[PDB]
>>> print(open('coords-v4.pdb').read())   # PDB, C-alpha atoms
ATOM      1  CA  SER W  22     199.806  25.960-108.641  1.00  0.00           C
ATOM      2  CA  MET W  23     196.927  27.793-107.066  1.00  0.00           C
ATOM      3  CA  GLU W  24     195.334  24.422-106.181  1.00  0.00           C
ATOM      4  CA  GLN W  25     198.499  23.252-104.280  1.00  0.00           C
ATOM      5  CA  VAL W  26     198.302  26.476-102.233  1.00  0.00           C
ATOM      6  CA  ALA W  27     194.510  25.980-101.471  1.00  0.00           C
ATOM      7  CA  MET W  28     195.416  22.382-100.443  1.00  0.00           C
ATOM      8  CA  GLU W  29     198.219  23.662 -98.210  1.00  0.00           C
ATOM      9  CA  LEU W  30     195.884  26.218 -96.577  1.00  0.00           C
ATOM     10  CA  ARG W  31     193.395  23.351 -95.670  1.00  0.00           C
ATOM     11  CA  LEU W  32     196.235  21.209 -94.223  1.00  0.00           C
ATOM     12  CA  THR W  33     197.402  24.276 -92.313  1.00  0.00           C
ATOM     13  CA  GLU W  34     193.948  24.809 -90.970  1.00  0.00           C
ATOM     14  CA  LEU W  35     193.653  21.043 -90.110  1.00  0.00           C
ATOM     15  CA  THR W  36     196.949  21.375 -88.223  1.00  0.00           C
ATOM     16  CA  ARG W  37     195.467  24.390 -86.454  1.00  0.00           C
ATOM     17  CA  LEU W  38     192.362  22.432 -85.404  1.00  0.00           C
ATOM     18  CA  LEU W  39     194.411  19.322 -84.432  1.00  0.00           C
ATOM     19  CA  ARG W  40     196.761  21.486 -82.340  1.00  0.00           C
ATOM     20  CA  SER W  41     193.774  22.688 -80.309  1.00  0.00           C
ATOM     21  CA  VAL W  42     192.465  19.019 -80.091  1.00  0.00           C
ATOM     22  CA  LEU W  43     195.932  17.918 -78.880  1.00  0.00           C
ATOM     23  CA  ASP W  44     196.002  20.588 -76.177  1.00  0.00           C
ATOM     24  CA  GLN W  45     192.581  19.550 -74.974  1.00  0.00           C
ATOM     25  CA  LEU W  46     193.556  15.845 -74.840  1.00  0.00           C
ATOM     26  CA  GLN W  47     196.774  16.557 -73.068  1.00  0.00           C
ATOM     27  CA  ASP W  48     194.890  18.580 -70.365  1.00  0.00           C
ATOM     28  CA  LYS W  49     193.102  15.349 -69.542  1.00  0.00           C
ATOM     29  CA  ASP W  50     196.511  13.953 -68.414  1.00  0.00           C
ATOM     30  CA  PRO W  51     197.441  16.258 -65.553  1.00  0.00           C
ATOM     31  CA  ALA W  52     199.869  13.739 -64.115  1.00  0.00           C
ATOM     32  CA  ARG W  53     201.866  13.884 -67.416  1.00  0.00           C
ATOM     33  CA  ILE W  54     201.968  10.090 -67.604  1.00  0.00           C
ATOM     34  CA  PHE W  55     201.710  10.249 -71.436  1.00  0.00           C
ATOM     35  CA  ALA W  56     203.770  13.366 -72.057  1.00  0.00           C
ATOM     36  CA  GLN W  57     207.009  11.782 -73.200  1.00  0.00           C
ATOM     37  CA  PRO W  58     208.176   8.419 -74.652  1.00  0.00           C
ATOM     38  CA  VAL W  59     208.596   5.517 -72.315  1.00  0.00           C
ATOM     39  CA  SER W  60     212.365   5.633 -71.488  1.00  0.00           C
ATOM     40  CA  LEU W  61     214.285   2.655 -72.943  1.00  0.00           C
ATOM     41  CA  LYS W  62     217.028   3.372 -70.382  1.00  0.00           C
ATOM     42  CA  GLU W  63     214.402   2.867 -67.610  1.00  0.00           C
ATOM     43  CA  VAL W  64     212.273   0.134 -69.330  1.00  0.00           C
ATOM     44  CA  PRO W  65     214.918  -1.609 -71.410  1.00  0.00           C
ATOM     45  CA  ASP W  66     212.549  -4.471 -72.473  1.00  0.00           C
ATOM     46  CA  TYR W  67     209.806  -2.064 -73.669  1.00  0.00           C
ATOM     47  CA  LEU W  68     210.105  -2.743 -77.411  1.00  0.00           C
ATOM     48  CA  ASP W  69     209.782  -6.472 -76.748  1.00  0.00           C
ATOM     49  CA  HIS W  70     206.182  -5.724 -75.515  1.00  0.00           C
ATOM     50  CA  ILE W  71     205.132  -2.616 -77.472  1.00  0.00           C
ATOM     51  CA  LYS W  72     205.877  -2.448 -81.190  1.00  0.00           C
ATOM     52  CA  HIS W  73     204.683   1.056 -81.947  1.00  0.00           C
ATOM     53  CA  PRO W  74     205.342   3.365 -78.966  1.00  0.00           C
ATOM     54  CA  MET W  75     203.616   6.694 -78.864  1.00  0.00           C
ATOM     55  CA  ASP W  76     203.311   9.734 -76.578  1.00  0.00           C
ATOM     56  CA  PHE W  77     202.097  13.347 -76.708  1.00  0.00           C
ATOM     57  CA  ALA W  78     205.544  14.880 -77.468  1.00  0.00           C
ATOM     58  CA  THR W  79     206.001  12.508 -80.449  1.00  0.00           C
ATOM     59  CA  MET W  80     202.482  13.460 -81.748  1.00  0.00           C
ATOM     60  CA  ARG W  81     203.339  17.091 -81.369  1.00  0.00           C
ATOM     61  CA  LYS W  82     206.476  16.759 -83.562  1.00  0.00           C
ATOM     62  CA  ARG W  83     204.403  15.044 -86.270  1.00  0.00           C
ATOM     63  CA  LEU W  84     201.689  17.697 -85.941  1.00  0.00           C
ATOM     64  CA  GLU W  85     204.126  20.616 -86.350  1.00  0.00           C
ATOM     65  CA  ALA W  86     205.652  19.031 -89.436  1.00  0.00           C
ATOM     66  CA  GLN W  87     201.996  18.895 -90.724  1.00  0.00           C
ATOM     67  CA  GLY W  88     202.399  15.163 -90.797  1.00  0.00           C
ATOM     68  CA  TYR W  89     198.696  14.399 -90.035  1.00  0.00           C
ATOM     69  CA  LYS W  90     196.696  14.271 -93.335  1.00  0.00           C
ATOM     70  CA  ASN W  91     193.292  13.706 -91.692  1.00  0.00           C
ATOM     71  CA  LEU W  92     191.782  13.272 -88.173  1.00  0.00           C
ATOM     72  CA  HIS W  93     191.837   9.450 -88.635  1.00  0.00           C
ATOM     73  CA  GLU W  94     195.694   9.393 -88.622  1.00  0.00           C
ATOM     74  CA  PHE W  95     195.744  11.665 -85.482  1.00  0.00           C
ATOM     75  CA  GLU W  96     193.233   9.384 -83.694  1.00  0.00           C
ATOM     76  CA  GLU W  97     195.334   6.356 -84.588  1.00  0.00           C
ATOM     77  CA  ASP W  98     198.308   7.920 -82.675  1.00  0.00           C
ATOM     78  CA  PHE W  99     196.088   8.867 -79.699  1.00  0.00           C
ATOM     79  CA  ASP W 100     194.670   5.371 -79.535  1.00  0.00           C
ATOM     80  CA  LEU W 101     198.278   3.924 -79.518  1.00  0.00           C
ATOM     81  CA  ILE W 102     199.066   5.950 -76.397  1.00  0.00           C
ATOM     82  CA  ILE W 103     196.081   4.441 -74.584  1.00  0.00           C
ATOM     83  CA  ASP W 104     196.216   0.939 -75.971  1.00  0.00           C
ATOM     84  CA  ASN W 105     200.008   0.502 -75.428  1.00  0.00           C
ATOM     85  CA  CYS W 106     199.577   1.523 -71.772  1.00  0.00           C
ATOM     86  CA  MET W 107     196.651  -0.762 -71.127  1.00  0.00           C
ATOM     87  CA  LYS W 108     198.692  -3.726 -72.466  1.00  0.00           C
ATOM     88  CA  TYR W 109     202.062  -3.027 -70.757  1.00  0.00           C
ATOM     89  CA  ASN W 110     200.558  -2.100 -67.420  1.00  0.00           C
ATOM     90  CA  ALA W 111     198.239  -4.207 -65.277  1.00  0.00           C
ATOM     91  CA  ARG W 112     194.699  -3.158 -64.466  1.00  0.00           C
ATOM     92  CA  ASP W 113     195.509  -2.286 -60.821  1.00  0.00           C
ATOM     93  CA  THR W 114     198.153   0.353 -61.674  1.00  0.00           C
ATOM     94  CA  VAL W 115     198.089   4.119 -61.717  1.00  0.00           C
ATOM     95  CA  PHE W 116     199.273   3.973 -65.351  1.00  0.00           C
ATOM     96  CA  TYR W 117     196.424   1.759 -66.596  1.00  0.00           C
ATOM     97  CA  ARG W 118     193.911   3.817 -64.686  1.00  0.00           C
ATOM     98  CA  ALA W 119     195.295   7.001 -66.184  1.00  0.00           C
ATOM     99  CA  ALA W 120     194.821   5.580 -69.672  1.00  0.00           C
ATOM    100  CA  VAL W 121     191.237   4.608 -68.988  1.00  0.00           C
ATOM    101  CA  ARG W 122     190.410   8.159 -67.752  1.00  0.00           C
ATOM    102  CA  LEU W 123     192.185   9.743 -70.785  1.00  0.00           C
ATOM    103  CA  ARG W 124     190.244   7.508 -73.151  1.00  0.00           C
ATOM    104  CA  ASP W 125     186.921   8.320 -71.482  1.00  0.00           C
ATOM    105  CA  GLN W 126     187.552  12.043 -71.280  1.00  0.00           C
ATOM    106  CA  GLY W 127     189.148  12.344 -74.690  1.00  0.00           C
ATOM    107  CA  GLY W 128     186.024  10.795 -76.310  1.00  0.00           C
ATOM    108  CA  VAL W 129     184.037  13.983 -75.886  1.00  0.00           C
ATOM    109  CA  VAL W 130     186.767  16.122 -77.518  1.00  0.00           C
ATOM    110  CA  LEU W 131     187.227  13.708 -80.414  1.00  0.00           C
ATOM    111  CA  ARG W 132     183.463  13.472 -81.019  1.00  0.00           C
ATOM    112  CA  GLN W 133     183.264  17.253 -81.572  1.00  0.00           C
ATOM    113  CA  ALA W 134     186.494  17.416 -83.556  1.00  0.00           C
ATOM    114  CA  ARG W 135     185.084  14.891 -86.052  1.00  0.00           C
ATOM    115  CA  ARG W 136     181.949  17.028 -86.473  1.00  0.00           C
ATOM    116  CA  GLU W 137     184.185  20.170 -86.973  1.00  0.00           C
ATOM    117  CA  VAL W 138     186.414  18.432 -89.522  1.00  0.00           C
ATOM    118  CA  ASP W 139     183.393  17.230 -91.572  1.00  0.00           C
ATOM    119  CA  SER W 140     181.614  20.614 -91.075  1.00  0.00           C
ATOM    120  CA  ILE W 141     184.527  22.974 -92.072  1.00  0.00           C
ATOM    121  CA  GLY W 142     185.473  20.341 -94.747  1.00  0.00           C
TER     122      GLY W 142
END
>>> encode(input="coords-v4.pdb", output="structure tokens")
Amino acid sequence: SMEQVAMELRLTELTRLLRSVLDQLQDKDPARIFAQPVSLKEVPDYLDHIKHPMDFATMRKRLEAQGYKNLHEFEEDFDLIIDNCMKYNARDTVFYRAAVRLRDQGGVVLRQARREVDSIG
């Protein structure tokens, strides 16, 4: 149908906007601490601590399969990156500190993205 196409164009445009959002969030992680999944070869107990791992490469695969229906689902994944880190790692660690700075800096980007998603519809 023509509606299904219209729908698919909106999703495609949401994916376009979310791709730009993802690039902006990932620039706030210049150390690349959150770039890839925590290695289960290197942290073999990880899944005993963290039940839903997440990282920027994993978000990117979901994004490119247009697997985010709305900004809320995208934010959920970004929040997992931060929140998982802040639980697994202690406060005095470069990892925890990196998460705090990504959260703080990402806030600005996410604030505008929400306005843009509501605005463009």
>>> residues_near_point(input="coords-v4.pdb", point="(202.8, 5.7, -80.2)", cutoff="6 Å", atoms="all atoms listed in the file", output="PDB file with C-alpha atoms, in the frame of the given file")
ATOM      1  CA  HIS W  73     204.683   1.056 -81.947  1.00  0.00           C
ATOM      2  CA  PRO W  74     205.342   3.365 -78.966  1.00  0.00           C
ATOM      3  CA  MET W  75     203.616   6.694 -78.864  1.00  0.00           C
ATOM      4  CA  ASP W  76     203.311   9.734 -76.578  1.00  0.00           C
ATOM      5  CA  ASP W  98     198.308   7.920 -82.675  1.00  0.00           C
ATOM      6  CA  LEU W 101     198.278   3.924 -79.518  1.00  0.00           C
ATOM      7  CA  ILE W 102     199.066   5.950 -76.397  1.00  0.00           C
TER       8      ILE W 102
END
>>> resolve_selection(input="coords-v4.pdb", expression="the PyMOL selection byres ((chain W and resi 126-137) around 9)", output="short mmCIF file (atom, residue, chain, number, x, y, z; two decimals) with C-alpha atoms, in the frame of the given file")
data_model
loop_
_atom_site.label_atom_id
_atom_site.label_comp_id
_atom_site.auth_asym_id
_atom_site.auth_seq_id
_atom_site.Cartn_x
_atom_site.Cartn_y
_atom_site.Cartn_z
CA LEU W 38 192.36 22.43 -85.40
CA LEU W 39 194.41 19.32 -84.43
CA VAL W 42 192.46 19.02 -80.09
CA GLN W 45 192.58 19.55 -74.97
CA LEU W 46 193.56 15.84 -74.84
CA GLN W 47 196.77 16.56 -73.07
CA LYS W 49 193.10 15.35 -69.54
CA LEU W 92 191.78 13.27 -88.17
CA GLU W 96 193.23 9.38 -83.69
CA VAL W 121 191.24 4.61 -68.99
CA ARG W 122 190.41 8.16 -67.75
CA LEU W 123 192.18 9.74 -70.78
CA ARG W 124 190.24 7.51 -73.15
CA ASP W 125 186.92 8.32 -71.48
CA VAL W 138 186.41 18.43 -89.52
CA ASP W 139 183.39 17.23 -91.57
CA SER W 140 181.61 20.61 -91.08
CA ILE W 141 184.53 22.97 -92.07
CA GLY W 142 185.47 20.34 -94.75
#
>>> atom_distance(input="coords-v4.pdb", atom1="CA of residue 117 in chain W", atom2="CA of residue 43 in chain W")
20.3 Å
>>> atom_distance(input="coords-v4.pdb", atom1="CA of residue 70 in chain W", atom2="CA of residue 52 in chain W")
23.4 Å
>>> atom_distance(input="coords-v4.pdb", atom1="CA of residue 80 in chain W", atom2="CA of residue 113 in chain W")
27.1 Å
>>> closest_residue(input="coords-v4.pdb", among="W:109, W:88, W:51, W:28", to="residue 66 in chain W", atoms="all atoms listed in the file")
W:109
>>> resolve_selection(input="coords-v4.pdb", expression="the PyMOL selection byres ((chain W and resi 84) around 10)", output="number ranges by chain")
W: 35-37, 39-40, 43, 78-83, 85-90, 95
>>> closest_residue(input="coords-v4.pdb", among="W:100, W:77, W:26, W:63", to="residue 50 in chain W", atoms="all atoms listed in the file")
W:77
>>> residues_around(input="coords-v4.pdb", residues="residue 71 in chain W", least_positions_apart="3", cutoff="12 Å", atoms="only C-alpha atoms", output="PyMOL selection string")
chain W and resi 58-59+61+64-68+74-75+101-110
>>> closest_residue(input="coords-v4.pdb", among="W:62, W:57, W:91, W:69", to="residue 34 in chain W", atoms="only C-alpha atoms")
W:91
>>> closest_residue(input="coords-v4.pdb", among="W:120, W:41, W:33, W:27", to="residue 99 in chain W", atoms="all atoms listed in the file")
W:120
